[PDB]
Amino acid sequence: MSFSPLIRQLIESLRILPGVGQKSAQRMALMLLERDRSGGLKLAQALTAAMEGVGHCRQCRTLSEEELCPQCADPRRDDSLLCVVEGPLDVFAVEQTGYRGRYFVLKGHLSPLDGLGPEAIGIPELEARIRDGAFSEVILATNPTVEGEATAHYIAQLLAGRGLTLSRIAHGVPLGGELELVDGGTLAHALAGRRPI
């Protein structure tokens, strides 16, 4: 209200960004105007181009300008591995590990209390992806939450007896810690999930 309408609007529109509260949006708006008008315009152009041009890959459903994303388009990748994740940011997180297989991107996880079931998250499309490929292993890389685990289990039962190996990413202690500093539940899980050798 102390700001003129166009400044007020820029502030409110900046709050649309993830992790940007009101105070931070105020500072961003005013900094753009004070010192980087051309940078503001470049961001506007980049936003318009991406919001209009970026769709979804027809295979894995990740974000892509092309009909096949960079990962599905690349022939160097390992066609025997499919990694199932809950969203495009998870595709990016797994990519940073050096994984070179294929992906399928669910829309989040099963959540009965939000009315989000198999159809809503993309299970039928996952089934089609598997039918249309030649995978030997499907890696369940849903988030390690109650809901993420329930989604993994639903997919594992759905796909049983089709000659695929189904795996789940390891749960346990993160690297670098001391046991005394790890979250108790994580430690209990790492113990209960201990493996021989």
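Start at 1 with the first residue shown and count on from there.
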According to the deposited model, is the average Cα temperature factor higher in 172-180 or in 185-193?
-> 172-180
According to the deposited model, is the average Cα temperature factor higher in 28-36 or in 151-159?
-> 28-36
Per the coordinate record, which of the options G101, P88, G115, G108 holds the highest CA temperature factor?
-> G115
Consider only the C-alpha atoms of the modelled residues in this chain, order them by B-factor as the entry records it, and name the third containing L81: lowest, middle or highest.
-> lowest
Ranked C-alpha temperature factor of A44 among modelled chain residues, by third = lowest
Would you mind checking where the Cα B-factor of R131 ranks among the modelled residues of its chain, as the lowest, middle or highest third?
-> highest
Name the third of the chain's ranked CA B-factors that contains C72, choosing lowest, middle or highest.
-> middle
Record-listed C-alpha B factor of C60: chain third = lowest
